[PDB]
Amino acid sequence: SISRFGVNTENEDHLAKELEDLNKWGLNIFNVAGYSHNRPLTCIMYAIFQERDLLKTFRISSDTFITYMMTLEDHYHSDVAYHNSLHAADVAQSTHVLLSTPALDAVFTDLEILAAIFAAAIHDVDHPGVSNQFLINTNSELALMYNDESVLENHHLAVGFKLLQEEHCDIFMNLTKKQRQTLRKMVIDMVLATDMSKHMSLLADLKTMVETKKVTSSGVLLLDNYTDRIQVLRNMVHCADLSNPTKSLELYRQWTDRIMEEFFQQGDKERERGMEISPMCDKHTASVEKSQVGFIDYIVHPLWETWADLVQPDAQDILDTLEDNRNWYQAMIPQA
C-alpha cells in the first residue's frame, strides 16, 4: 500500500485525512492533488479500487495497477486548464459515489462497477484542450483519423486501451476473454456517451426510461436486462462529467475558472488562425457568469432533475445545491 508520491511526511497524514471523504460527494479533489504531489488520478483510483475490493476480486496486481494509472495520468496534459488529470480524478470519484446511491443498490455486477470507474478514469485522456468542432474545422490529424465523428471521445478510448497492451501495464490480465470482451463494449459505450453532441438524445431516452421505471417493493430500481443497465451506466458517467455545478460553491467556482481559461485559450487560437471566434470562447465579449447560468438552465439541471427522478429521493441534496449555485451566478450578473 503506497501512501505518498512525494518527499513530504506531513502529506501522508493530510492525504489520508482527505481520503476519509472518499465515499462522499463533498470530497475535495483539489486537496487530494495538493497532498499527492499532483497524482490525484493515480491516488484516487488506488483508493477507490481498494475501497471496493476490485484488485482482489479481479486479481489485479497492486504493482501493475499503479504503473498503468501513473502512465494514464501522464497522458493527460498538465498544460490544459480543465481537461487534465484532476478532472478525470473528479469524474472517477464522482462516479464511485453515484454507483452507491441507494436506489441502485445491488443492481450492478462487479464487472460493470469496474467498467464504469475505468471509463471515468480514461474518458478525457490526451485531451488537447480544444473542442471536436475546432479539430474538424482545422483539418487536424485527429479529425482526419476519425472522420469528424466523436473525434476526441474515440481518441480517449484508443489511448486508454492501447496502454493496456504492454504486459507490465495490463491491469485486466486475469479477467477471462469474455470478461475483457464485455468490459470493452461497456467502456466504449460509456465514453462515447460523454460526447456533448449526443446529450439531447441521451436525455430523451433517459426521460423515456424514467417514465416507465419499476421501483421494486424494497425501494430499489428493477433493471432486469443488460440494455437497461448500460443505459443507466452511460447516463451516470455523463452526470459525473457534468457534476461540477452540483458540488459545493467553493469547488464549482474553481472548476468554472478552469474551463473558461481553457475555452478562452481556444478562442485565442481561433483568432490567431483568422477563424470565426466561437462566441463562448471569446474572452473580449463572453460573460463567465451568464455561461454558467445558461449551462445549468439548458443542460445541467434538465439532466440532473431527470437523474433525481430516477433515483428518488437519493439526489435531492444535489438538486438543491445546483439551484443554489445557479442562483449564486445569476446574482453575479449585474443586470436583471
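For every residue, the number given is its place in the sequence shown, counted from 1.
Across the two stretches, 309-317 and 16-24, the PDB entry reports the greater mean Cα temperature factor for 309-317.
Stretches 260-268 and 216-224 differ in mean CA B factor, with 216-224 having the higher one. Note on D105, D74, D124, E141: the highest value goes to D105, judged by CA B factor as recorded. Comparing the listed residues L86, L233, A204, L98, the entry records the largest Cα B-factor for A204.
When the modelled residues of the chain are ordered by C-alpha B-factor, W304 sits in the middle third. In the PDB entry, a CA B factor belonging to the middle third of its chain's modelled residues is recorded for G294. In this PDB entry, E149 carries a Cα temperature factor that places it within the lowest third of its chain's modelled residues. Residue-level temperature factors show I171 in the middle third of its chain, judged at the C-alpha atom.
Ranked by C-alpha B-factor against the other modelled residues of its chain, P40 falls in the lowest third.
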